[PDB]
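See structure below.
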Amino acid sequence: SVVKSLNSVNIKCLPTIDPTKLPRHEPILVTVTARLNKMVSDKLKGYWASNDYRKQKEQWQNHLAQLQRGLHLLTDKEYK
Amino acid sequence: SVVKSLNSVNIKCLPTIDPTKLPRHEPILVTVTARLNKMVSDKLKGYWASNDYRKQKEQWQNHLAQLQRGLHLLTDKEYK
Amino acid sequence: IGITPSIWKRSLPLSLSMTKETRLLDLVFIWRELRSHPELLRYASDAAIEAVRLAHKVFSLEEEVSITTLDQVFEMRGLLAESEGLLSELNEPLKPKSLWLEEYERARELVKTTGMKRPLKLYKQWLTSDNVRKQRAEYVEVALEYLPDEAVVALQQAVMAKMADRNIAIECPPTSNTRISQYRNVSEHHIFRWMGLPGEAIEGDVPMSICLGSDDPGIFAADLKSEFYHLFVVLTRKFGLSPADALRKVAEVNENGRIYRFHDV
Amino acid sequence: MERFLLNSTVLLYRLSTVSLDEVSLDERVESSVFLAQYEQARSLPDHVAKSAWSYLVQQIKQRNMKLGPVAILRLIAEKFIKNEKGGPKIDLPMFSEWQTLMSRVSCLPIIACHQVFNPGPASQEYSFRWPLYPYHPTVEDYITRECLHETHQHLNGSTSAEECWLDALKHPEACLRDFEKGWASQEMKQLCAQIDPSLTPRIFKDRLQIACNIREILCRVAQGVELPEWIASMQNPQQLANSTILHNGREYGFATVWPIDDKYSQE
Amino acid sequence: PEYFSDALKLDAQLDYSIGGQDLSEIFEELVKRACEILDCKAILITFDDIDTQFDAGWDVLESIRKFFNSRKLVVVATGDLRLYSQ
């Protein structure tokens, strides 16, 4: 109910994330970023091969790529 | 007996399944889709290149593929 | 398609041995590229007759199978075994849109269609029959000079026309590799036949595109430059070619490695 | 044989005047296309044209399609274009008769149909700007090694001809000034009648305006937005000649909103 | 993940009401085909005594309840019912 009227200061709301309705071991970041990366690239996909699409997409890809090193750093069996 | 009455608006009933009469580590969701994929495949074989046979088939194949890419994580023990 | 049949027969027994399945695929093939040949018909006709004889031995069938049916059976061996309607049950639920479902159903529908499933049922025994698979691996005795010297050349020139049409290059092994155990020296190597050296090119040959490669030279210290020089030396000395002309023939091989390069543009 | 259905004045006349309510046009396209081939390639005997058209109808029915641009573009795209190392490339043996097709039918619709119903390798990124070329390693090696050399390249106008149609859409009225000034000359009077005898400047504005509205109407289908609920008013394609339709007695436009700033471009 | 594409297989005989990877589904037609091949209306299977290690009979109880349900297959069990309760 809160988020229904809130979508109408401009605010955007991610779909609710339920840890119960998720794999038992997947951490929060990979789940929330999956939600976050889904729309933001879909918003880019809303554009049709415009000039601003390429600049925002590639810089977004670097943001994920540089963060991929720490995505494994959410604990592990042993350090390598 | 209940499913017997339903088979005899139209309502389709899937055959009763039992987790005990199943492998221990195979989840219910893969099994329920197995029985569910049983009928839809059978109905498609009945059409056999009739009108819009491809339309239902391809929309089904993609939907099964999208489910499959979410089936590995459910059985996956941990995060990787 | 490089060795001259006369050279290949050097120091070999008067009758070789080969598996029945490899023999049967030979007999069905030799009929394909020889019945087209106006004068090498006896070999094609004899092959087609005795291939039918061998098919009865292998498939253990009792009815009549013609050479046309055999070719149709053997043209469907490129399909995957696990394709539905060929080895697995025809009525199976549809697999979830892999990159293989294009392959699985393609080998399925064309088998179902054309209104001709007689070659298909022969093929299943060729794959999933206890006796057929055992009979295929049983070896057979083949005469060394089964085809005459000219007859084998007809097949080789038939390959050249087909592949040059498709424009597919050939990797050539290093000529310093004494792995063939058939050439007395390097001057007899089959690479010279492909390039078109007079005195080593068989009449009617269709020139191909030949690239250069050095994978297993068979020697201790080797490199592509050494292989490049090895080719250049033989032309100038053994075949008597001027350095300007000799380089161009070996330069064509070195450039064909660039025309057919797999590197992206 | 399929180029006739995509480039023929007589079909356009039978489609720009007949209403959209009725659906069965299989006869009216078959009769019209034979006139279309009559006035385009008259050297073809009737029986060759009859059978070739009959095969085309029969070939479509076995695929459970319906005769239309969505189906015809499928046949050409799979007949000519095939994926290769560089992406979508025209097959080498069929290249020569493809060039004949380009003289009557544009490439932009064909390439779009090929991508949808036959995507590239592993969904690799591909933005179409240049006309498709056949791939042969011998020529590809030479071109990259030693570049081409052009001696006669008219700079003015447009880079190619298919995009000049897009430029024409940007000036639905200004391009008529070029048409009207040219129409004063007798040479342009005859040349226009050569293609379609019933071609007048108002018809030229009629079709260009109609083409403008169709682009917007079908764009709403492509974008995914729901139909603008004034299509019920239009059942005759001639109603798209005024950039505004009247449904329940109020002004209803055709222009929509596009994600691109420049809605009239190649991409 | 690669198992499911290998799953889903159909029971080609008698078209039972259950489809999927259930082995009981895949078992009755084999018995019936064996019975008609072996000129019998049923097959008698004998499970011996489990007095030594009755813990071994737990799988037999599962196999009897999970797969041994067809009318045309008869099973003779034995032992001490008290140990099964244990």
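As shown in the structure tokens, the chain order sets the letters A, B, ...; within each chain, residues go from 1, and ligands are also counted from 1 in the order they appear.
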
List the neighbours of residue 52 of chain E out to 12 Å using only C-alpha atoms; skip same-chain residues closer than 4 positions along the sequence, and give me the result as a ChimeraX atom specification.
/E:48,56-57,79-80,83

Quick one: write out the picked residues with C-alpha atoms as a short mmCIF file (atom, residue, chain, number, x, y, z; two decimals), in the first residue's frame?
data_model
loop_
_atom_site.label_atom_id
_atom_site.label_comp_id
_atom_site.auth_asym_id
_atom_site.auth_seq_id
_atom_site.Cartn_x
_atom_site.Cartn_y
_atom_site.Cartn_z
CA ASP E 48 14.20 -63.91 2.64
CA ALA E 56 18.73 -54.06 5.88
CA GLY E 57 14.99 -54.57 5.32
CA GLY E 79 10.65 -62.44 9.13
CA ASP E 80 9.22 -61.22 12.44
CA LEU E 83 11.27 -56.38 14.44
#

Output chain B, superimposed onto chain A using in-order Cα pairs, as an mmCIF file with N, CA, C and O atoms, in the first residue's frame:
data_model
loop_
_atom_site.group_PDB
_atom_site.id
_atom_site.type_symbol
_atom_site.label_atom_id
_atom_site.label_comp_id
_atom_site.auth_asym_id
_atom_site.auth_seq_id
_atom_site.Cartn_x
_atom_site.Cartn_y
_atom_site.Cartn_z
ATOM 1 N N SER B 1 1.862 -1.232 -0.146
ATOM 2 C CA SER B 1 1.050 -0.033 -0.317
ATOM 3 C C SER B 1 1.916 1.219 -0.351
ATOM 4 O O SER B 1 1.607 2.175 -1.074
ATOM 5 N N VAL B 2 3.001 1.238 0.427
ATOM 6 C CA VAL B 2 3.883 2.405 0.453
ATOM 7 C C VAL B 2 4.510 2.630 -0.916
ATOM 8 O O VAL B 2 4.539 3.756 -1.428
ATOM 9 N N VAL B 3 5.020 1.562 -1.532
ATOM 10 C CA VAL B 3 5.620 1.702 -2.855
ATOM 11 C C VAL B 3 4.568 2.095 -3.885
ATOM 12 O O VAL B 3 4.885 2.749 -4.886
ATOM 13 N N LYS B 4 3.307 1.712 -3.663
ATOM 14 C CA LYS B 4 2.236 2.139 -4.556
ATOM 15 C C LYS B 4 2.063 3.651 -4.523
ATOM 16 O O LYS B 4 1.882 4.288 -5.567
ATOM 17 N N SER B 5 2.110 4.245 -3.327
ATOM 18 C CA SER B 5 1.997 5.695 -3.215
ATOM 19 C C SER B 5 3.191 6.393 -3.853
ATOM 20 O O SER B 5 3.037 7.431 -4.508
ATOM 21 N N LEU B 6 4.394 5.843 -3.664
ATOM 22 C CA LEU B 6 5.589 6.466 -4.225
ATOM 23 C C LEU B 6 5.564 6.446 -5.748
ATOM 24 O O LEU B 6 5.943 7.431 -6.394
ATOM 25 N N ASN B 7 5.130 5.331 -6.343
ATOM 26 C CA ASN B 7 5.059 5.254 -7.799
ATOM 27 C C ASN B 7 4.018 6.218 -8.355
ATOM 28 O O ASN B 7 4.239 6.848 -9.396
ATOM 29 N N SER B 8 2.879 6.341 -7.681
ATOM 30 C CA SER B 8 1.811 7.224 -8.136
ATOM 31 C C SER B 8 2.233 8.687 -8.059
ATOM 32 O O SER B 8 2.571 9.298 -9.072
ATOM 33 N N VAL B 9 9.888 16.518 -7.341
ATOM 34 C CA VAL B 9 10.918 15.505 -7.154
ATOM 35 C C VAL B 9 10.386 14.133 -7.548
ATOM 36 O O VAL B 9 9.182 13.883 -7.487
ATOM 37 N N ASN B 10 11.289 13.245 -7.956
ATOM 38 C CA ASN B 10 10.942 11.889 -8.360
ATOM 39 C C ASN B 10 11.697 10.896 -7.489
ATOM 40 O O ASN B 10 12.896 11.070 -7.240
ATOM 41 N N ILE B 11 10.997 9.862 -7.029
ATOM 42 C CA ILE B 11 11.571 8.833 -6.171
ATOM 43 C C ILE B 11 11.255 7.472 -6.775
ATOM 44 O O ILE B 11 10.095 7.180 -7.084
ATOM 45 N N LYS B 12 12.283 6.646 -6.940
ATOM 46 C CA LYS B 12 12.149 5.306 -7.497
ATOM 47 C C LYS B 12 12.253 4.283 -6.375
ATOM 48 O O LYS B 12 13.136 4.385 -5.517
ATOM 49 N N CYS B 13 11.352 3.304 -6.381
ATOM 50 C CA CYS B 13 11.304 2.272 -5.355
ATOM 51 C C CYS B 13 11.506 0.906 -5.994
ATOM 52 O O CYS B 13 10.884 0.595 -7.016
ATOM 53 N N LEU B 14 12.380 0.101 -5.396
ATOM 54 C CA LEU B 14 12.683 -1.240 -5.875
ATOM 55 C C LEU B 14 11.698 -2.241 -5.268
ATOM 56 O O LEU B 14 11.297 -2.087 -4.111
ATOM 57 N N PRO B 15 11.282 -3.261 -6.020
ATOM 58 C CA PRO B 15 10.280 -4.199 -5.499
ATOM 59 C C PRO B 15 10.770 -4.927 -4.256
ATOM 60 O O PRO B 15 11.957 -5.220 -4.110
ATOM 61 N N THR B 16 9.834 -5.216 -3.356
ATOM 62 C CA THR B 16 10.173 -5.882 -2.106
ATOM 63 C C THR B 16 10.802 -7.248 -2.368
ATOM 64 O O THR B 16 10.385 -7.987 -3.264
ATOM 65 N N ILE B 17 11.840 -7.563 -1.596
ATOM 66 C CA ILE B 17 12.542 -8.832 -1.708
ATOM 67 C C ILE B 17 12.494 -9.534 -0.357
ATOM 68 O O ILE B 17 12.365 -8.904 0.696
ATOM 69 N N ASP B 18 12.595 -10.857 -0.401
ATOM 70 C CA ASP B 18 12.492 -11.655 0.814
ATOM 71 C C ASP B 18 13.588 -12.713 0.832
ATOM 72 O O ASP B 18 13.640 -13.569 -0.060
ATOM 73 N N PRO B 19 14.486 -12.681 1.820
ATOM 74 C CA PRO B 19 15.531 -13.716 1.892
ATOM 75 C C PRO B 19 14.987 -15.127 2.033
ATOM 76 O O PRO B 19 15.608 -16.069 1.526
ATOM 77 N N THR B 20 13.850 -15.307 2.713
ATOM 78 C CA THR B 20 13.275 -16.643 2.822
ATOM 79 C C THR B 20 12.807 -17.149 1.464
ATOM 80 O O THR B 20 13.000 -18.323 1.131
ATOM 81 N N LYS B 21 12.202 -16.273 0.660
ATOM 82 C CA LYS B 21 11.803 -16.634 -0.695
ATOM 83 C C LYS B 21 12.985 -16.506 -1.647
ATOM 84 O O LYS B 21 12.885 -15.856 -2.692
ATOM 85 N N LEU B 22 14.101 -17.133 -1.292
ATOM 86 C CA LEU B 22 15.332 -17.064 -2.065
ATOM 87 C C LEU B 22 16.182 -18.273 -1.704
ATOM 88 O O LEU B 22 15.962 -18.896 -0.658
ATOM 89 N N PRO B 23 17.145 -18.641 -2.550
ATOM 90 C CA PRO B 23 18.084 -19.700 -2.165
ATOM 91 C C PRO B 23 18.851 -19.320 -0.906
ATOM 92 O O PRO B 23 19.178 -18.153 -0.678
ATOM 93 N N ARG B 24 19.126 -20.333 -0.082
ATOM 94 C CA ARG B 24 19.694 -20.089 1.240
ATOM 95 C C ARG B 24 21.075 -19.448 1.153
ATOM 96 O O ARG B 24 21.388 -18.525 1.913
ATOM 97 N N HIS B 25 21.913 -19.920 0.233
ATOM 98 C CA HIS B 25 23.306 -19.499 0.172
ATOM 99 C C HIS B 25 23.549 -18.335 -0.780
ATOM 100 O O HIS B 25 24.706 -17.941 -0.964
ATOM 101 N N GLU B 26 22.506 -17.775 -1.385
ATOM 102 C CA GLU B 26 22.671 -16.598 -2.228
ATOM 103 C C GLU B 26 22.477 -15.343 -1.388
ATOM 104 O O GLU B 26 21.387 -15.146 -0.834
ATOM 105 N N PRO B 27 23.484 -14.483 -1.265
ATOM 106 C CA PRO B 27 23.373 -13.327 -0.368
ATOM 107 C C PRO B 27 22.360 -12.315 -0.882
ATOM 108 O O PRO B 27 21.843 -12.405 -1.995
ATOM 109 N N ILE B 28 22.069 -11.338 -0.024
ATOM 110 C CA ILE B 28 21.124 -10.287 -0.384
ATOM 111 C C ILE B 28 21.722 -9.360 -1.436
ATOM 112 O O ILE B 28 21.025 -8.907 -2.351
ATOM 113 N N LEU B 29 23.020 -9.064 -1.324
ATOM 114 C CA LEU B 29 23.620 -8.032 -2.165
ATOM 115 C C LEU B 29 23.594 -8.414 -3.640
ATOM 116 O O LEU B 29 23.416 -7.551 -4.506
ATOM 117 N N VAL B 30 23.795 -9.695 -3.954
ATOM 118 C CA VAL B 30 23.672 -10.123 -5.346
ATOM 119 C C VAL B 30 22.225 -10.008 -5.811
ATOM 120 O O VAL B 30 21.955 -9.683 -6.973
ATOM 121 N N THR B 31 21.271 -10.271 -4.914
ATOM 122 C CA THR B 31 19.862 -10.172 -5.282
ATOM 123 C C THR B 31 19.436 -8.724 -5.475
ATOM 124 O O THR B 31 18.718 -8.407 -6.430
ATOM 125 N N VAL B 32 19.856 -7.829 -4.576
ATOM 126 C CA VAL B 32 19.451 -6.432 -4.696
ATOM 127 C C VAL B 32 20.021 -5.819 -5.969
ATOM 128 O O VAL B 32 19.366 -5.001 -6.624
ATOM 129 N N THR B 33 21.236 -6.217 -6.354
ATOM 130 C CA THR B 33 21.784 -5.753 -7.621
ATOM 131 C C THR B 33 21.047 -6.369 -8.802
ATOM 132 O O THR B 33 20.904 -5.721 -9.844
ATOM 133 N N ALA B 34 20.573 -7.611 -8.659
ATOM 134 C CA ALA B 34 19.819 -8.245 -9.734
ATOM 135 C C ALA B 34 18.556 -7.457 -10.056
ATOM 136 O O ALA B 34 18.279 -7.153 -11.221
ATOM 137 N N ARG B 35 17.776 -7.116 -9.029
ATOM 138 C CA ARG B 35 16.617 -6.255 -9.237
ATOM 139 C C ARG B 35 17.042 -4.859 -9.677
ATOM 140 O O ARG B 35 16.377 -4.232 -10.509
ATOM 141 N N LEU B 36 18.134 -4.346 -9.109
ATOM 142 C CA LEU B 36 18.620 -3.031 -9.512
ATOM 143 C C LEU B 36 19.110 -3.044 -10.955
ATOM 144 O O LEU B 36 18.881 -2.088 -11.705
ATOM 145 N N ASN B 37 19.796 -4.116 -11.362
ATOM 146 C CA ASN B 37 20.231 -4.227 -12.751
ATOM 147 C C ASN B 37 19.045 -4.440 -13.685
ATOM 148 O O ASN B 37 19.148 -4.213 -14.897
ATOM 149 N N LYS B 38 17.912 -4.891 -13.142
ATOM 150 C CA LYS B 38 16.719 -5.098 -13.957
ATOM 151 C C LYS B 38 16.222 -3.792 -14.566
ATOM 152 O O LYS B 38 15.975 -3.710 -15.774
ATOM 153 N N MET B 39 16.064 -2.756 -13.737
ATOM 154 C CA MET B 39 15.491 -1.501 -14.217
ATOM 155 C C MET B 39 16.440 -0.779 -15.162
ATOM 156 O O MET B 39 16.036 -0.329 -16.241
ATOM 157 N N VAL B 40 17.706 -0.642 -14.762
ATOM 158 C CA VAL B 40 18.653 0.135 -15.554
ATOM 159 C C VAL B 40 18.814 -0.475 -16.939
ATOM 160 O O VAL B 40 18.891 0.244 -17.941
ATOM 161 N N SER B 41 18.845 -1.805 -17.023
ATOM 162 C CA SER B 41 18.851 -2.454 -18.328
ATOM 163 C C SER B 41 17.584 -2.126 -19.104
ATOM 164 O O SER B 41 17.641 -1.837 -20.304
ATOM 165 N N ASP B 42 16.432 -2.148 -18.427
ATOM 166 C CA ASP B 42 15.167 -1.861 -19.095
ATOM 167 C C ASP B 42 15.136 -0.438 -19.641
ATOM 168 O O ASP B 42 14.669 -0.206 -20.761
ATOM 169 N N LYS B 43 15.624 0.530 -18.861
ATOM 170 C CA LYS B 43 15.640 1.913 -19.326
ATOM 171 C C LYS B 43 16.590 2.089 -20.504
ATOM 172 O O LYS B 43 16.306 2.856 -21.431
ATOM 173 N N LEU B 44 17.731 1.395 -20.479
ATOM 174 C CA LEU B 44 18.654 1.446 -21.610
ATOM 175 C C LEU B 44 18.024 0.866 -22.871
ATOM 176 O O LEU B 44 18.229 1.392 -23.972
ATOM 177 N N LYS B 45 17.261 -0.222 -22.735
ATOM 178 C CA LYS B 45 16.572 -0.778 -23.896
ATOM 179 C C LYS B 45 15.559 0.211 -24.457
ATOM 180 O O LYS B 45 15.315 0.243 -25.669
ATOM 181 N N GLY B 46 14.955 1.025 -23.589
ATOM 182 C CA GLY B 46 14.008 2.022 -24.061
ATOM 183 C C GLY B 46 14.658 3.089 -24.920
ATOM 184 O O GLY B 46 14.072 3.550 -25.903
ATOM 185 N N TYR B 47 15.874 3.504 -24.558
ATOM 186 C CA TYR B 47 16.578 4.512 -25.346
ATOM 187 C C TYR B 47 16.943 3.969 -26.723
ATOM 188 O O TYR B 47 16.648 4.594 -27.749
ATOM 189 N N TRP B 48 17.570 2.794 -26.759
ATOM 190 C CA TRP B 48 17.906 2.073 -27.987
ATOM 191 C C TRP B 48 18.630 2.985 -28.986
ATOM 192 O O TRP B 48 18.102 3.374 -30.028
ATOM 193 N N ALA B 49 19.851 3.356 -28.592
ATOM 194 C CA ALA B 49 20.771 4.136 -29.425
ATOM 195 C C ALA B 49 20.277 5.568 -29.624
ATOM 196 O O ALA B 49 20.513 6.185 -30.664
ATOM 197 N N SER B 50 19.591 6.101 -28.618
ATOM 198 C CA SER B 50 19.255 7.517 -28.576
ATOM 199 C C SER B 50 20.491 8.300 -28.134
ATOM 200 O O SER B 50 21.605 7.772 -28.085
ATOM 201 N N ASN B 51 20.309 9.579 -27.818
ATOM 202 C CA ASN B 51 21.425 10.399 -27.370
ATOM 203 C C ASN B 51 22.037 9.831 -26.092
ATOM 204 O O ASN B 51 21.333 9.336 -25.208
ATOM 205 N N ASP B 52 23.370 9.884 -26.027
ATOM 206 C CA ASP B 52 24.196 9.415 -24.913
ATOM 207 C C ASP B 52 23.763 8.060 -24.361
ATOM 208 O O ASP B 52 23.924 7.791 -23.165
ATOM 209 N N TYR B 53 23.236 7.190 -25.225
ATOM 210 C CA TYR B 53 22.903 5.835 -24.795
ATOM 211 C C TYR B 53 24.160 5.040 -24.467
ATOM 212 O O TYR B 53 24.181 4.269 -23.499
ATOM 213 N N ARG B 54 25.216 5.212 -25.265
ATOM 214 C CA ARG B 54 26.475 4.524 -24.999
ATOM 215 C C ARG B 54 27.104 5.010 -23.699
ATOM 216 O O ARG B 54 27.672 4.213 -22.941
ATOM 217 N N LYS B 55 27.027 6.317 -23.432
ATOM 218 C CA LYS B 55 27.685 6.895 -22.264
ATOM 219 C C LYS B 55 27.202 6.247 -20.971
ATOM 220 O O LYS B 55 28.004 5.821 -20.134
ATOM 221 N N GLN B 56 25.882 6.170 -20.791
ATOM 222 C CA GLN B 56 25.342 5.517 -19.605
ATOM 223 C C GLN B 56 25.646 4.024 -19.610
ATOM 224 O O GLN B 56 25.943 3.440 -18.561
ATOM 225 N N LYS B 57 25.573 3.391 -20.783
ATOM 226 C CA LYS B 57 25.743 1.943 -20.865
ATOM 227 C C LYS B 57 27.142 1.518 -20.434
ATOM 228 O O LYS B 57 27.299 0.654 -19.565
ATOM 229 N N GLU B 58 28.172 2.119 -21.032
ATOM 230 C CA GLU B 58 29.539 1.698 -20.739
ATOM 231 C C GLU B 58 29.924 2.012 -19.300
ATOM 232 O O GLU B 58 30.581 1.199 -18.640
ATOM 233 N N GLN B 59 29.527 3.182 -18.794
ATOM 234 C CA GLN B 59 29.780 3.491 -17.390
ATOM 235 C C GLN B 59 29.059 2.508 -16.478
ATOM 236 O O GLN B 59 29.481 2.283 -15.337
ATOM 237 N N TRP B 60 27.967 1.916 -16.963
ATOM 238 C CA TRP B 60 27.275 0.901 -16.177
ATOM 239 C C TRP B 60 27.987 -0.443 -16.262
ATOM 240 O O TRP B 60 28.122 -1.145 -15.253
ATOM 241 N N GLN B 61 28.442 -0.823 -17.460
ATOM 242 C CA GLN B 61 29.116 -2.108 -17.623
ATOM 243 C C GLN B 61 30.381 -2.183 -16.780
ATOM 244 O O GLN B 61 30.638 -3.198 -16.123
ATOM 245 N N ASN B 62 31.190 -1.121 -16.792
ATOM 246 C CA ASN B 62 32.401 -1.112 -15.979
ATOM 247 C C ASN B 62 32.064 -1.187 -14.497
ATOM 248 O O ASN B 62 32.723 -1.907 -13.738
ATOM 249 N N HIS B 63 31.031 -0.458 -14.071
ATOM 250 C CA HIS B 63 30.645 -0.467 -12.664
ATOM 251 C C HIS B 63 30.176 -1.849 -12.228
ATOM 252 O O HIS B 63 30.473 -2.286 -11.110
ATOM 253 N N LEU B 64 29.438 -2.547 -13.093
ATOM 254 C CA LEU B 64 29.049 -3.919 -12.786
ATOM 255 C C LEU B 64 30.269 -4.828 -12.704
ATOM 256 O O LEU B 64 30.338 -5.710 -11.839
ATOM 257 N N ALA B 65 31.239 -4.634 -13.601
ATOM 258 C CA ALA B 65 32.450 -5.449 -13.573
ATOM 259 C C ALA B 65 33.238 -5.221 -12.290
ATOM 260 O O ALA B 65 33.727 -6.176 -11.675
ATOM 261 N N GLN B 66 33.374 -3.961 -11.872
ATOM 262 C CA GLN B 66 34.100 -3.661 -10.643
ATOM 263 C C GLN B 66 33.397 -4.258 -9.430
ATOM 264 O O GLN B 66 34.052 -4.708 -8.483
ATOM 265 N N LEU B 67 32.063 -4.263 -9.436
ATOM 266 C CA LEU B 67 31.325 -4.921 -8.364
ATOM 267 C C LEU B 67 31.529 -6.431 -8.403
ATOM 268 O O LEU B 67 31.645 -7.077 -7.354
ATOM 269 N N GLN B 68 31.572 -7.012 -9.606
ATOM 270 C CA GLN B 68 31.730 -8.458 -9.729
ATOM 271 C C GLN B 68 33.052 -8.929 -9.137
ATOM 272 O O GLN B 68 33.108 -9.976 -8.482
ATOM 273 N N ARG B 69 34.129 -8.172 -9.358
ATOM 274 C CA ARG B 69 35.424 -8.566 -8.818
ATOM 275 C C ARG B 69 35.461 -8.479 -7.298
ATOM 276 O O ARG B 69 36.399 -8.996 -6.683
ATOM 277 N N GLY B 70 34.475 -7.830 -6.685
ATOM 278 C CA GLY B 70 34.292 -7.843 -5.253
ATOM 279 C C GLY B 70 33.199 -8.764 -4.760
ATOM 280 O O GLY B 70 33.000 -8.873 -3.547
ATOM 281 N N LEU B 71 32.482 -9.434 -5.663
ATOM 282 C CA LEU B 71 31.388 -10.316 -5.279
ATOM 283 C C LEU B 71 31.850 -11.728 -4.949
ATOM 284 O O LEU B 71 31.177 -12.428 -4.183
ATOM 285 N N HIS B 72 32.978 -12.165 -5.513
ATOM 286 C CA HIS B 72 33.471 -13.508 -5.230
ATOM 287 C C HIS B 72 33.914 -13.655 -3.779
ATOM 288 O O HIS B 72 33.686 -14.705 -3.168
ATOM 289 N N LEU B 73 34.546 -12.623 -3.216
ATOM 290 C CA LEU B 73 35.058 -12.722 -1.853
ATOM 291 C C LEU B 73 33.935 -12.760 -0.823
ATOM 292 O O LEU B 73 34.074 -13.419 0.214
ATOM 293 N N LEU B 74 32.828 -12.060 -1.081
ATOM 294 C CA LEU B 74 31.727 -12.043 -0.123
ATOM 295 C C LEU B 74 31.147 -13.440 0.065
ATOM 296 O O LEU B 74 30.871 -13.861 1.194
ATOM 297 N N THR B 75 30.954 -14.172 -1.030
ATOM 298 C CA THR B 75 30.472 -15.544 -0.953
ATOM 299 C C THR B 75 31.576 -16.544 -0.637
ATOM 300 O O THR B 75 31.269 -17.654 -0.191
ATOM 301 N N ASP B 76 32.840 -16.181 -0.851
ATOM 302 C CA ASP B 76 33.939 -17.100 -0.589
ATOM 303 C C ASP B 76 33.951 -17.495 0.882
ATOM 304 O O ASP B 76 33.853 -16.642 1.769
ATOM 305 N N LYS B 77 34.066 -18.800 1.137
ATOM 306 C CA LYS B 77 34.007 -19.292 2.509
ATOM 307 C C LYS B 77 35.231 -18.855 3.307
ATOM 308 O O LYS B 77 35.105 -18.334 4.420
ATOM 309 N N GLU B 78 36.423 -19.055 2.751
ATOM 310 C CA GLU B 78 37.663 -18.805 3.471
ATOM 311 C C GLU B 78 38.569 -17.940 2.604
ATOM 312 O O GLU B 78 38.169 -17.451 1.542
ATOM 313 N N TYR B 79 39.799 -17.752 3.066
ATOM 314 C CA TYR B 79 40.818 -17.029 2.321
ATOM 315 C C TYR B 79 41.702 -18.005 1.556
ATOM 316 O O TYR B 79 41.964 -19.124 2.007
ATOM 317 N N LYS B 80 42.151 -17.576 0.380
ATOM 318 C CA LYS B 80 42.956 -18.416 -0.491
ATOM 319 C C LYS B 80 44.062 -17.585 -1.122
ATOM 320 O O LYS B 80 43.880 -16.386 -1.363
#

Sorted by chain and rising residue number, which residues of chain C lie within 8 Å of chain E, and what are their closest atom pairs and distances in Å to one decimal, counting only C-alpha atoms, as CSV?
residue,atom,partner,partner_atom,distance
C:89,CA,E:12,CA,7.3
C:91,CA,E:10,CA,7.3
C:92,CA,E:10,CA,5.6
C:93,CA,E:8,CA,6.5
C:95,CA,E:5,CA,5.9
C:96,CA,E:5,CA,7.1

Test item: residues at most 12 Å from residue 59 of chain C, only C-alpha atoms, excluding those fewer than 5 positions along its chain, as number ranges by chain
C: 20-21, 24, 51-54, 64-65, 70, 73, 121-136

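Our summary of the geometry notes that atom CA of residue 229 of chain C is positioned 9.2 Å from atom CA of residue 250 of chain C.
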
Please identify every residue of chain D that has at least one atom no more than 10 Å from any atom of chain B, counting only C-alpha atoms, and report them as an MDAnalysis selection string.
chainID D and resid 62:65

With C-alpha atoms kept, could you save the residues just selected as a compact mmCIF listing (two decimals), in the first residue's frame?
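Generated file (part-v1.txt):
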# COMPACT_ATOMS: atom_id res chain seq x y z
CA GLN D 62 2.60 -25.20 -46.04
CA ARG D 63 4.22 -22.92 -43.43
CA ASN D 64 0.83 -21.88 -41.97
CA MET D 65 1.38 -18.22 -42.88

Using the chain letters and numbers from this document, which residues of chain E does DSSP assign to strand (DSSP E or B), as a list in words?
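Going through chain E, the strand (DSSP E or B) residues come out as residues 43, 44, 45, 46, 73, 74, 75 and 76 of chain E.
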
Take the residues just selected and output them with N, CA and C atoms as a compact mmCIF listing (two decimals), in the first residue's frame.
# COMPACT_ATOMS: atom_id res chain seq x y z
N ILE E 43 4.51 -62.57 -11.56
CA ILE E 43 5.85 -63.00 -11.17
C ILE E 43 5.91 -63.03 -9.66
N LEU E 44 6.39 -64.14 -9.11
CA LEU E 44 6.54 -64.30 -7.67
C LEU E 44 7.97 -63.94 -7.28
N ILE E 45 8.11 -62.99 -6.36
CA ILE E 45 9.41 -62.58 -5.83
C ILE E 45 9.44 -62.91 -4.35
N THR E 46 10.57 -63.43 -3.88
CA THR E 46 10.71 -63.91 -2.51
C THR E 46 11.79 -63.11 -1.81
N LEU E 73 1.76 -58.52 -9.95
CA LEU E 73 3.04 -58.86 -9.35
C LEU E 73 2.81 -59.21 -7.89
N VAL E 74 3.23 -60.41 -7.49
CA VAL E 74 2.99 -60.92 -6.15
C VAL E 74 4.32 -61.02 -5.42
N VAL E 75 4.33 -60.57 -4.17
CA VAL E 75 5.52 -60.56 -3.33
C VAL E 75 5.23 -61.34 -2.05
N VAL E 76 6.18 -62.19 -1.66
CA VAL E 76 6.10 -62.95 -0.42
C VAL E 76 7.16 -62.42 0.53

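Nearest residue to chain C among D:79, D:145, D:177, D:114 is D:145, counting only C-alpha atoms.
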
Using only C-alpha atoms, find the residues of chain C whose closest atom to chain D is at most 12 Å away, then write them as a list in words.
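My answer is residues 99, 165, 166, 167, 168, 169, 209, 255, 256, 257, 258, 259, 260, 261, 262, 263, 264 and 265 of chain C.
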